[PDB]
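The analysis underlying the following values was restricted to heavy atoms, covering all of them including side chains, and did not include hydrogens, waters or symmetry mates. Chain identifiers are assigned alphabetically (A, B, ...) following the order of the sequence lines, protein sequences preceding nucleic acid strands; residue numbering begins at 1 within each chain.
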2 protein chains.
Amino acid sequence: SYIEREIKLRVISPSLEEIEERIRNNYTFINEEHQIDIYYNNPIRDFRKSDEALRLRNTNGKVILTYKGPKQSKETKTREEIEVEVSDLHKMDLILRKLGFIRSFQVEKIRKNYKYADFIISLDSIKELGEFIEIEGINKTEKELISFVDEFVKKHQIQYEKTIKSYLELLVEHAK
Amino acid sequence: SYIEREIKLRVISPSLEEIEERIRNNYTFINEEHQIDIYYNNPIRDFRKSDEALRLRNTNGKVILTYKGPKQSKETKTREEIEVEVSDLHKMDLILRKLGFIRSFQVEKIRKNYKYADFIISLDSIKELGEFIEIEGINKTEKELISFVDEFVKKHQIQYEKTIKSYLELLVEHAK
Ligand SMILES: Nc1ncnc2c1ncn2[C@@H]1O[C@H](COP(=O)(O)OP(=O)(O)OP(=O)(O)O)[C@@H](O)[C@H]1O
Ligand SMILES: Nc1ncnc2c1ncn2[C@@H]1O[C@H](COP(=O)(O)OP(=O)(O)OP(=O)(O)O)[C@@H](O)[C@H]1O
Ligand SMILES: [Ca+2]
Ligand SMILES: [Ca+2]
Ligand SMILES: [Ca+2]
Ligand SMILES: [Ca+2]
């Protein structure tokens, strides 16, 4: 069991490309991920009602199966997270479909990951949604994370809007 | 999707060690596997009633998740089989437990695998059950497999008893 604690910002201004130039100076680039996500649902235990999730992710060809627990926070996306890498995405999907899970929706993004003193800054560009930033802390308190995010946006003059809604949620509303 | 077609024999005589000496001459040894299996059940879809199975296997440290479909044969264990390798057994078990599956029973064995012209001969020693042999064919018909098994037992003077019951079943009955 690992506890995911992150803050998600919708970027109002400037673009991620401009933000990338402002942080390039003192933020060490890690890698870029092309992530295709398939979310599943248990027909008897709707994860939207229990606030859970089961996700099969393809990130640069690496296949990862992820369960996420209920949100334990209102100011950050605090959740239980358990992940394993699997050998074959198709056969993992088949097993899940054979076990009775149904594919709910798909999410796709390009994520650029930067690091800074136990903080993981992710520049997210979502297909048909827009540009977001996620900051995740390694063994950091909710106050430490909230405080750093405030410093990050001020230092780089970012106009933003916080949200604990997930990309999958944002994608649903945007459809209507 | 792959179709597992195998025949399972309970060895009456001689011991596997003696059989190993008789087949050593013209059967090429592959490897020896120490397999620890955890079987799961869906509380709403008892696999014993649907004739399915979900199994998390540790074979020489390699972790494999396996779904098996219903038996499509009465003279051989003909079943649908879908497998994927996962990175961590504990976390795969946790994910399954978090998704609602319950650990049904555990099975442990030492399996010696031999090969002979598209046939996989497995010498099985089961904890608290006994000695068995399984013969599995790669793209072989039910008649081809049945016929080869008859030749195998005759050539090596094996006293046996065929069965399509699974090790997990045999283990349950043996308890009473
Ligand atoms: N129908 C649904 N089934 C399951 N989970 C859902 C569903 N709708 C929304 N969710 C939510 O999807 C969320 C995805 O979280 P998030 O938006 O952070 O994804 P992500 O940023 O791509 O993930 P990560 O940050 O781990 O890379 C979960 O946090 C979960 O509640
Ligand atoms: N409670 C149960 N839940 C799920 N499956 C069960 C259960 N009881 C019995 N089974 C059966 O367990 C069987 C195991 O098959 P088998 O005995 O060939 O195992 P194995 O020889 O160890 O497997 P493999 O041959 O793939 O290595 C399945 O074939 C399945 O029906
Ligand atoms: Ca995250
Ligand atoms: Ca996230
Ligand atoms: Ca087999
Ligand atoms: Ca078998």
>> Could you walk me through whether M92(A) and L65(B) satisfy the side-chain contact (heavy atoms from CB on, under 4.5 Å) test, starting with their C-alpha distance in whole Å, then the side-chain angles of each, then the deciding distance to 0.1 Å, before giving a yes or no?
In response: CA-CA 9 Å; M92(A) 187 65 250; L65(B) 184 71; 4.1 Å; yes

>> Rounded to the nearest 0.5 Å, what separates atom CD1 in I135(B) from atom CD in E151(B)?
In response: 11.5 Å

> salt bridge (charged side-chain N to carboxylate O under 4.0 Å, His left out): which pairs involve residues 57-67 of chain A, sequence neighbours left out?
Replying inline: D37(A)-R57(A)

> Aromatic ring centroids of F152(B) and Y27(B) under 6.0 Å?
Replying inline: yes

>> As a quick check of understanding, evaluate side-chain contact (heavy atoms from CB on, under 4.5 Å) for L54(A) and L96(A), giving each step before the final call.
In response: CA-CA 10 Å; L54(A) 181 61; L96(A) 292 177; 4.1 Å; yes

>> Is there a path of hydrophobic side-chain contacts, each under 4.5 Å between heavy atoms of I/L/V/M/F/W/Y residues, joining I64(A) to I95(A)?
In response: no

> What's the shortest heavy-atom distance between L9(B) and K162(B), and which atoms?
Replying inline: CD2-CG, 3.6 Å

> Under a 4.0 Å N-O cut-off, is there an ion pair linking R97(A) with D93(A)?
Replying inline: yes

> Do you know which two heavy atoms are closest between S87(A) and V84(B), and how far apart they sit?
Replying inline: OG-CA, 3.6 Å

> Just by distance, do the side chain of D46(B) and the backbone of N41(B) share a donor-acceptor pair under 3.5 Å?
Replying inline: no

>> Does any part of the side chain of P14(B), heavy atoms only, come nearer than 4.5 Å to the side chain of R22(B), both counted from C-beta?
In response: yes

>> Around atom OH of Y116(A), are there more than 12 heavy atoms from other residues, nucleotides or ligands closer than 6.0 Å?
In response: no

> What do the steps show when you test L99(B) against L99(A) for side-chain contact (heavy atoms from CB on, under 4.5 Å), and what is the final call?
Replying inline: CA-CA 11 Å; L99(B) 289 178; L99(A) 289 178; over 6 Å; no

> Considering only heavy atoms from C-beta outward, does the side chain of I3(A) approach that of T78(A) to under 4.5 Å?
Replying inline: yes

> Taking 4.0 angstrom as the limit, do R24(A) and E21(A) come out as a salt bridge?
Replying inline: yes

> With a 4.5 Å heavy-atom cut-off, do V63(A) and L56(A) have their side chains touching?
Replying inline: yes

> Shortest non-hydrogen contact from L145(A) to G137(A)?
Replying inline: CD1-N, 4.0 Å

> So do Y40(A) and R103(A) actually touch side chain to side chain, heavy atoms under 4.5 Å?
Replying inline: yes

> Measuring from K155(A):NZ to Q157(A):CD, what's the distance to the nearest 0.5 Å?
Replying inline: 11.0 Å

>> Consider side chain to side chain donor-acceptor pair (under 3.5 Å). Of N113(A), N58(A), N60(A), which one does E33(A) pass it with?
In response: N113(A)

>> Just so I know, are the side chains of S15(B) and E131(B) near enough to count as touching, which here means a heavy-atom distance under 4.5 Å?
In response: yes

>> For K91(A), is there an ion pair with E85(B) - N to carboxylate O distance below 4.0 angstrom?
In response: no

>> Under a 3.5 Å threshold, yes or no: a donor from one side chain and an acceptor from the other, between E169(A) and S166(A)?
In response: yes

> Under the side-chain contact (heavy atoms from CB on, under 4.5 Å) criterion, do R5(B) and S73(B) qualify, and how do the steps go?
Replying inline: CA-CA 9 Å; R5(B) 193 175 299 102; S73(B) 176; over 6 Å; no

> So, for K71(A) and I164(A), which heavy atoms are closest and what is the spacing to 0.1 Å?
Replying inline: NZ-O, 3.9 Å

> Distance from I126(A) atom CD1 to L170(A) atom CG, nearest 0.5 Å?
Replying inline: 8.5 Å

> Do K77(A) and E6(A) sit within salt-bridge range, that is, some charged N less than 4.0 Å from a carboxylate O?
Replying inline: yes

>> To check you understand the geometry: which heavy-atom pair defines the closest contact between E144(B) and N139(B), and what is its length?
In response: OE1-O, 4.3 Å

> Can you tell me how far NZ of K109(B) sits from OG of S125(B), rounded to the nearest 0.5 angstrom?
Replying inline: 11.0 Å

> Just how far is it from atom CD of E80(A) to atom CG of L94(B), taken to the nearest 0.5 Å?
Replying inline: 7.5 Å

> Where do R79(A) and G69(A) come nearest, in terms of heavy atoms and distance?
Replying inline: NH1-O, 2.8 Å

>> Applying a strict under-4.5 Å side-chain criterion to I, L, V, M, F, W and Y, I'd like to know whether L16(A) and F29(A) cluster together.
In response: yes

> Got a sec, which residues hit salt bridge (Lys or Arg N to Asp or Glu O under 4.0 Å) with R10(A), two or more places apart in sequence or on another chain?
Replying inline: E161(A)

>> Counting only heavy atoms not in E32(A) (residues, nucleotides, ligands), do more than 12 fall under 6.0 Å from its CD?
In response: yes

>> Between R55(B) and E83(B), does the salt bridge (charged side-chain N to carboxylate O under 4.0 Å, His left out) criterion hold? Intermediate values first, please.
In response: CA-CA 9 Å; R55(B) 183 184 71 199; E83(B) 300 186 330; 3.6 Å; yes

>> Please determine whether side chain to side chain donor-acceptor pair (under 3.5 Å) holds for the pair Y114(A) and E20(A), giving the CA-CA distance in whole Å, both sets of side-chain angles, and the decisive distance to 0.1 Å.
In response: CA-CA 10 Å; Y114(A) 292 80; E20(A) 204 169 345; 3.0 Å; yes

> Less than 4.0 Å between a side-chain N and a carboxylate O, is that true for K98(A) and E52(B)?
Replying inline: no

> In terms of heavy-atom contacts, does CG of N26(A) have more than 12 from other residues, nucleotides or ligands at under 6.0 Å?
Replying inline: no

> Of all residues at least two apart in sequence or in a different chain, which pass the salt bridge (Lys or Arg N to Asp or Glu O under 4.0 Å) check with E134(B)?
Replying inline: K8(B), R111(B)

> How about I133(B) and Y160(B): do any of their side-chain heavy atoms sit closer than 4.5 Å?
Replying inline: no

>> Using 0.5 Å steps for rounding, measure from the CG atom of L129(A) to the CG atom of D124(A).
In response: 10.5 Å

> Do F132(B) and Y167(B) have ring centroids that are under 6.0 Å from one another?
Replying inline: yes

